[PDB]
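Chains as they are written, first to last, in PDB author numbering: chain D, 2 to 104, 113 to 142, 152 to 268; chain B, 2 to 103, 114 to 142, 152 to 268; chain A, 2 to 104, 113 to 143, 152 to 268; chain C, 2 to 103, 114 to 142, 152 to 209, 213 to 268. Notes to accompany the following structure.
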Amino acid sequence: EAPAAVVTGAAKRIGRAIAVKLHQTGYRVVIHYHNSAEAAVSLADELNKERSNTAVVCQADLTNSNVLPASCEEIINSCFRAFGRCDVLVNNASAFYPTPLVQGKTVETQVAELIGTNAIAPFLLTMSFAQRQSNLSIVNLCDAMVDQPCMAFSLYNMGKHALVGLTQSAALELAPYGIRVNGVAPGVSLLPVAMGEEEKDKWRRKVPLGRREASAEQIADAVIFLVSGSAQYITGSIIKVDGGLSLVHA
Amino acid sequence: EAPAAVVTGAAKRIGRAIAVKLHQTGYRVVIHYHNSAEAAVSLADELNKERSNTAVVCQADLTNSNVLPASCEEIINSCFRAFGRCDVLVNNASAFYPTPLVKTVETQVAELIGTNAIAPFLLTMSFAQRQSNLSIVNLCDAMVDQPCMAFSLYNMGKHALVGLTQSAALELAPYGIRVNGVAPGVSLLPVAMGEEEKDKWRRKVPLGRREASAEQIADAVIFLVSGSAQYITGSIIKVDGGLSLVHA
Amino acid sequence: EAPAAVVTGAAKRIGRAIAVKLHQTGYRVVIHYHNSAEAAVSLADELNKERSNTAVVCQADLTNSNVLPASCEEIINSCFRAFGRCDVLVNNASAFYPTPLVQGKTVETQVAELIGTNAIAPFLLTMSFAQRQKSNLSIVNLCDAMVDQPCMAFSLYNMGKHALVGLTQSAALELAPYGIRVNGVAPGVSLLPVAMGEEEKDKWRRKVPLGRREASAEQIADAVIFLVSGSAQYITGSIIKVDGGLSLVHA
Amino acid sequence: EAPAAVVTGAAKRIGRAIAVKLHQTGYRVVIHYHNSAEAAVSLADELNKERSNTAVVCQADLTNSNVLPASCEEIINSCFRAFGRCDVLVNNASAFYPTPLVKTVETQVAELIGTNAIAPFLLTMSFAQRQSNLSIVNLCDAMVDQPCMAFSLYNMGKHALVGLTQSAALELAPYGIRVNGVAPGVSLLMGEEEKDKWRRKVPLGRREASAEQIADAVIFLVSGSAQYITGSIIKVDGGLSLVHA
Ligand SMILES: NC(=O)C1=CN([C@@H]2O[C@H](COP(=O)(O)OP(=O)(O)OC[C@H]3O[C@@H](n4cnc5c(N)ncnc54)[C@H](OP(=O)(O)O)[C@@H]3O)[C@@H](O)[C@H]2O)C=CC1
Ligand SMILES: NC(=O)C1=CN([C@@H]2O[C@H](COP(=O)(O)OP(=O)(O)OC[C@H]3O[C@@H](n4cnc5c(N)ncnc54)[C@H](OP(=O)(O)O)[C@@H]3O)[C@@H](O)[C@H]2O)C=CC1
Ligand SMILES: NC(=O)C1=CN([C@@H]2O[C@H](COP(=O)(O)OP(=O)(O)OC[C@H]3O[C@@H](n4cnc5c(N)ncnc54)[C@H](OP(=O)(O)O)[C@@H]3O)[C@@H](O)[C@H]2O)C=CC1
Ligand SMILES: NC(=O)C1=CN([C@@H]2O[C@H](COP(=O)(O)OP(=O)(O)OC[C@H]3O[C@@H](n4cnc5c(N)ncnc54)[C@H](OP(=O)(O)O)[C@@H]3O)[C@@H](O)[C@H]2O)C=CC1
Ligand SMILES: Nc1nc2ccc(C(=O)NCCc3ccc(Cl)c(Cl)c3)cc2s1
Ligand SMILES: Nc1nc2ccc(C(=O)NCCc3ccc(Cl)c(Cl)c3)cc2s1
C-alpha cells in the first residue's frame, strides 16, 4: 500500500504544488477544495492518469460554524474511504484579506472565515486525524511574517499565530502516538491574483535572496522534507521558507 | 476629568486586583463580569465608598457567537455612558480548561477562542472606533511556547492574543493608542487545588519558589498604562518569576 | 541608608539618563566611563550638588582582554568602596560600528570591543556583582529591539547583543535563588548617533509607528526604573522592548 | 566536478555523521579536526575507499586567539586547494561545559565564545571572501531559551551563533550564499542514569537524537530542496523544547 495524504485547499497554487509533489513521491492524495471544483477535478484526473486510483477530491467549506467539526471529520473520513489509511495531513487552506480595526462582509463572517480556515479547521482536522489513528505527520502552512504583520490584517495574523500554537501543542500531545507536527512558513510566495505588477515588484525587491518570491514548488519542497524519513526526530518545528524576508528591518 | 478604564473579568482574582490598582491610581473603572455578580457589585461599592461615582459594573458573556460583537460594543459604550471617556482597556477575562485532541467541541472552541482572542479583538475594535494616554493591555501567558499537555485550544487562543497585541499595536499607533501585554507564569492558583499540588507548581518557580500575587500582575499593567510607558507599544512583559526559563 | 547602583557608560546619552533617574529616585550612583572623563565628572558634580556624597566616577576600558575580569571586579568594588553596598547594576556601555563580512581596526580589535563591551563585560560584571553580595537586588541589561532584523553589515554587534539576551536569561535563572533579578530593556531607535546627519535621522524617525520619532533617553530610563523598582519584584528574565512599535514593521 | 564541503569538528559524534552523509550525497569533503587526528584520518580512509581522492583532513585549533583568523582562513583554503571550490561550510565544532556565576575565565571565553561563535564568524568571512548552490549551516542549540543552570557562557555563545546566522544570511543573500542553522536538543550525550533522566523527557520516543538525524537536517539545508531557505534554524529535538518545567 502507498501511504495517503490529505492536502487542504489543494486545487490551486501552493496546495496544488504540495499535492503534486506528494504524489510524485508515492503518496495517494485527497485534494480538498471549497470553490475550485474544476481545478480540483482537473488535478485529480492528471494524477490518476499518471498512476490510476491514486487521487480523489473532497469538497468542504472550512469557515467556522457549528458544523465545521463534521466537515473536518468528513475530509479525513474521505481519505480512509478512498485509500484505507491516512498518513499525512497538510493544513494549507487559508483565507487572507484585510480586517481594519478602524472603519461588505459582517465582522461575524470575517471572524468565521479567517479564524475558521487558518486555525479552527486545522485543529479539528488534527483531532480527526489523530482519532482515526508508520510515519504519521501533520504539516501546517504558517507565515514567516507573523511578527511583522501587514497593516490591517489583525484577524489573519491572529489565525496564523493560533496555528503556531496548534503546531506546538499538538506536537507535544501527539508525540506519544508517533505523530509528528511541524510547520512551513512562506514569506512572499505566489503573489495574489488581483495585484498589479508595480506592486508585485515592490514586494519582490524586499527579498534578500534573489529579489523574488518563492515558487510553490520551493514551498512544497519543505513540506516533502518534514513528512519524510529524514525528519523522523523533528516535531514542533516551523521552517521558514522566506529567502531572508523576515530578517529585513523597516 | 479623571480617566476611565474597562477591565474584563474584573470581579475576582487578577482582574479584581487590576481594577483596584487602577482605581487607587485615580482611574474610574468599569468592572466587567460574567457570572460573578455579587463579587462585582461588592467591589464597585468598596471603590465608590472610597470615591463617589468612580466605579460601575457591566455584565456580558464573552463566548464566540453571532452576538459577541454587539456585546463588546456595549461594554465599551458602558464606559462612555458612565464616565464620558474610555482611556484604558484591559483584556483580562479568560476561560481555561483542557481540550484533548484524543461540553461539545463547538462550545469549547467558542469559549476558549471567544474569550481569549475574539472578544479582545472586538473590544479593541470598539475601543478604537469610539475614540490623552490611551492604551490597551492584554493578559497573555508566559508559558505559551511550553504549553500544558492537552490545552491546545487554550494555547491557540493565547497565541492569537499575541498576534492581536502586535497587529493592533502597529495599526493603532497612528491614533496614539498603545497596545501591550502582560504574560503571567503561575499566579493565583485555583482555591480548591490541593496545597500539595500547588506546591508542585510553586517549587518550579526560580524566583522565590512561589506563584505571583494578583497584585504583582496588576503592577505590570499599571506600568504599561502609565506615563512611564509612553513609548512602549507591541511589548509583552512576562511576570513569571523566571518560570518560562526552566527546562523539562 | 540609600541604595547604590553602578551604571556603565553613564557619562552621556542613555547611560546618563539612567544614572540621573536612579539618582532622582534616591540612589547613590557610580558613573562608569571610558573616554568621557570631562562629561563623567561634570555629571557627578551636578548630582553631588543635589545631594552630597552620592555620586562617584569610575574609569575602565570594557574591551575584552585578560584584564577585563579585574577591571569589572574593580568597577563593582568601586561601588562598595564609595557607598558600602551595590544594589543595582545597569549594563549600558556599548560599542557600535559596522563589521562587514565581505570587505582601520583589526578584526581582533573589533571582536574584543563589540563582543567585550556588549557581552563579556556584562557577564564579568554580573559575576562580580553576585559574588560580592553579603532589599531589592537586580541587574538591567540594555539590549536591542531590532536584534532579529539587524542592520546590514553589523554581524559582530548583533552577535554581542544576542549573547546579552542569552546572559539575561541564563543569569536570571542562576541568580534567582539568591534573590537577584536580571532583566533587559531593548530600545529601538533612541538618541541617534552624534555623527549622523539630520536627513538620515529623519529616515529612521519616519519608520517608527508610534509618533514617527525616536525614544528620548528619559523614556528608556523609565523602563530601567520600572525593572529595578518594587513594582517589578516578580519580574526576572524579561526583556521589555521600548521601541514605539519599530520592530513590528515589515520591510 | 562534484561540489565540496567543509565540516568543522568532523572526526567524531555529530560532525562525522554530517561528513559521511554529505559524502554519500556526492560531496568531496574536508574533515576538520583539532585533536582527533587518528579519527579524522580513519574517516578519510573510509570515504576515499568508497570514492578515490574525495576526502582530505585539516588540522586547526578553533580557540579564540590572535591566530584564529589565520586558522579559519587555512580551513577554507584547504578546501579550495584540494577541490578547487567550496560549496558548503558546516560550523559544527563546539565546546561545552559549565561556567558558574557564583581553566581561567578567559580560556573559557576563548573556548565557549571563541569556538562556538567567533570561529563561525571568521570561517563565514573567509568562505564568503573566496566566492552554484552555496550555503553555510551553523550547529545551534534548541534549548537556548531554557538553558542549563550554570551554563551562561555556553548559552551566550549559542545565542551569538543565532545572531550570526541571521546577520550573515541577510548580508550574504546578495551573493547567493544561504546561511542556516540546525538546533539539536539532547543528542549523543555523564553517567547512564543521568542520561536516562534526559531521555524520558523527550516527547518523541523518550530517546536522544542519533547524530545521523542531525545530519539529515543539514543535508536538507544544503540541498536544492532548500534553495529559497536562508536565516532559518531547524530544531531537531524530538519536541524537548516544548516541554515545561
Ligand atoms: N502565498 C504566499 O505568498 C504566502 C502564503 N502563506 C500560506 O501558505 C498557504 C498557501 O498559500 P496560497 O496558495 O497563496 O493560498 P491561497 O490564498 O491561494 O488559498 C489556498 C486555498 O484556500 C482555500 N480556502 C479559502 N477559504 C476557504 C474556506 N472558507 N474553506 C475552504 N477552503 C478555503 C481556497 O480553496 P478554493 O480555491 O477551492 O476555494 C484556496 O485556493 C496558506 O495557508 C497561506 O496562509 C504564507 C505566507 C505567504
Ligand atoms: N492565574 C494564572 O496563573 C495565570 C493567568 N493568566 C491569565 O491572566 C488573566 C487573569 O487570570 P485569572 O484571574 O487566573 O483568570 P480566571 O481563570 O480567574 O478568569 C478571570 C475571569 O474570566 C471571566 N470569564 C471566564 N469565562 C468567561 C466567559 N465565557 N465570558 C466572560 N467572562 C468570562 C470570569 O468572570 P466571572 O467570574 O464574572 O464569570 C473570571 O472571573 C487571564 O487572561 C489568564 O489567562 C495567564 C497565565 C497564568
Ligand atoms: N541609541 C539607540 O538608539 C539604541 C541604543 N541601544 C542600546 O542602549 C544602550 C545605550 O545606548 P547609547 O546611549 O546610544 O550608547 P552609546 O553608543 O552612546 O554608548 C554608551 C557608552 O558606551 C561606552 N563605551 C563604548 N565603548 C566602550 C569600551 N570599549 N569600554 C567602555 N565603555 C565603552 C562609552 O563610554 P565613553 O563615552 O566614556 O567612552 C559610551 O558613552 C547601549 O547598550 C545600546 O546598544 C539599543 C538600540 C538602539
Ligand atoms: N550533542 C548534543 O546533544 C547537542 C549538540 N549541539 C551542537 O551540536 C554540535 C555537535 O555536538 P557534539 O558532537 O556533541 O560536540 P562535541 O562537544 O563532542 O565537540 C565537537 C567537536 O568540536 C571540536 N572542537 C571542540 N573544541 C575545539 C577547539 N577549541 N578547537 C577546535 N575544534 C574544537 C572537536 O574536534 P576534535 O575532536 O578534533 O578536537 C570535537 O570533536 C555542536 O555545535 C553542539 O553545540 C547542540 C545542543 C546539544
Ligand atoms: N484563565 C486562566 N488562564 C490560566 C492559565 C494558566 C494557569 C496556570 O498556570 N494554572 C496553574 C498551573 C496549572 C497547570 C495545569 C493544570 Cl491542569 C492546572 Cl489546573 C493548573 C491558570 C490560568 S487561569
Ligand atoms: N551603543 C549603541 N548601540 C546602538 C544600537 C542601535 C543604534 C541605532 O539604532 N542607531 C540608529 C540606526 C542606525 C542605522 C545604521 C547606521 Cl550606519 C547607524 Cl550609525 C545607525 C544605536 C546604537 S548606539
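No residue lacks a Cβ here, since even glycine has one placed at the ideal position from N, Cα and C.
- Between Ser79 of chain A and chain C, the shortest Cβ-Cβ separation is not below 8 Å.
- Residues are counted here when their Cβ sits less than 8 Å from a Cβ of chain D; for the region 160-179 of chain A these are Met163, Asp165, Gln166, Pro167 and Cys168, given in chain order.
- With 16 or more other Cβ atoms from the protein chains shown falling within 10 Å of its own Cβ, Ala6 of chain B counts as buried.
- Proximity of the beta carbon of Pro167 of chain A to ligand 6 is not indicated: no heavy atom of the ligand is located closer than 7 Å.
- Each residue's CA atom was taken as its position, placing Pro101 of chain D and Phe171 of chain D some 7 Å apart.
- Selection around ligand 4 by beta-carbon proximity, strictly under 6 Å to any non-hydrogen atom, yields C:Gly10, C:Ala12, C:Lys13, C:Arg14, C:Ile15, C:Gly16, C:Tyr34, C:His35, C:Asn36, C:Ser37, C:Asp62, C:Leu63, C:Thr64, C:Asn93, C:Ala94, C:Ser95, C:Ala96, C:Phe97, C:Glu122, C:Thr126, C:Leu159, C:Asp161, C:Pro204, C:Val206, C:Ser207 and C:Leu208 in chain order.
- For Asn93 of chain C, the nearest beta carbon of chain A is not closer than 8 Å to its own beta carbon.
- Non-local C-beta neighbours of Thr126 of chain B in its own chain, meaning closer than 7 Å and more than five positions away in sequence, comprise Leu63, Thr64, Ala94, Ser95 and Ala96, ordered along the chain.
- Within the region 219-233 of chain A, those residues whose Cβ lies closer than 8 Å to any Cβ of chain D are, in chain order, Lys224.
- A straight-line Cα-Cα distance of about 10 Å links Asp165 of chain A and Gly254 of chain C.
- Burial check for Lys220 of chain A: the Cβ neighbour count within 10 Å stays below 16, so the residue is exposed.
- Leaving aside the five residues that flank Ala128 of chain A on each side, the residues in its chain whose CB is nearer than 7 Å to its CB run, in chain order, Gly177, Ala180, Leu181 and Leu184.
- Residues of chain A with a Cβ closer than 7 Å to the Cβ of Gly262 of chain B are, in chain order, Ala189, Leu190, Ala193, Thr253 and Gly254.
- Residue burial is scored here from C-beta neighbours: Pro131 of chain C has at least 16 other C-beta atoms within 10 angstroms and is therefore classed as buried.
- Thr55 of chain B is classed as buried because its beta carbon has at least 16 other beta carbons within 10 Å across all chains shown.
- Nearest Cα to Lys218 of chain C within the set C:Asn49, C:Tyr251, C:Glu231 and C:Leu263: C:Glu231.
- As the crow flies, the alpha-carbon of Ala193 of chain C is around 41 Å from that of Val116 of chain D.
- If you ignore the 5 residues before and after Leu190 of chain A, its C-beta comes within less than 8 Å of the C-beta of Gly254, all in its own chain and listed in chain order.
- Going by DSSP, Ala5 of chain D is part of the beta strand (DSSP E) stretching over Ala5 to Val8.
- Remark: C-beta atoms of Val68 of chain C and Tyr34 of chain C do not approach each other more closely than 8 Å.
- The beta carbon of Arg198 of chain C sits closer than 8 Å to some beta carbon of chain D.
- Its chain contains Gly254 as the residues whose beta carbon lies nearer than 7 Å to that of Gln186 of chain D, once the 5 sequence neighbours on both sides are disregarded; these appear in chain order.
- Rounded to whole angstroms, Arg229 of chain A and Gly261 of chain A show a C-alpha spacing of 8 Å.
- Only exposed fits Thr118 of chain A, as fewer than 16 other CB atoms lie within 10 angstroms of its CB.
- Chain B has a Cβ within less than 8 Å of the Cβ of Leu265 of chain C.
- Between the alpha carbons of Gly85 of chain B and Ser79 of chain B lies a distance of about 9 Å.
- With fewer than 16 other Cβ atoms inside 10 Å of its own Cβ, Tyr98 of chain A counts as exposed.
- Counting only Cβ-Cβ distances below 7 Å, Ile32 of chain A has no contacts in chain C at all, with the closest Cβ about 25 Å away.
- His33 of chain C is bridged by DSSP to C:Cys59.
- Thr135 of chain C reaches chain A at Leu102 and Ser172, counting residues in chain order whose Cβ is nearer than 9 Å.
- Inside the region 62-86 of chain D, DSSP marks whole alpha helix (DSSP H) runs of 4 or more residues at positions 69-84, from first to last along the chain.
- Proximity to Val89 of chain B across B:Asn153, B:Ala83 and B:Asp239 peaks at B:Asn153, based on C-alpha coordinates.
- The C-beta of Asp46 of chain A comes no closer than 8 Å to any C-beta of chain B.
- Chain D has a Cβ within less than 8 Å of the Cβ of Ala268 of chain A.
- Around the beta carbon of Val31 of chain C, 16 or more other beta carbons sit within 10 angstroms, so the residue counts as buried.
- Sequence-distant Cβ neighbours of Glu74 of chain C in its own chain, meaning closer than 6 Å and more than five residues away, are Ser137.
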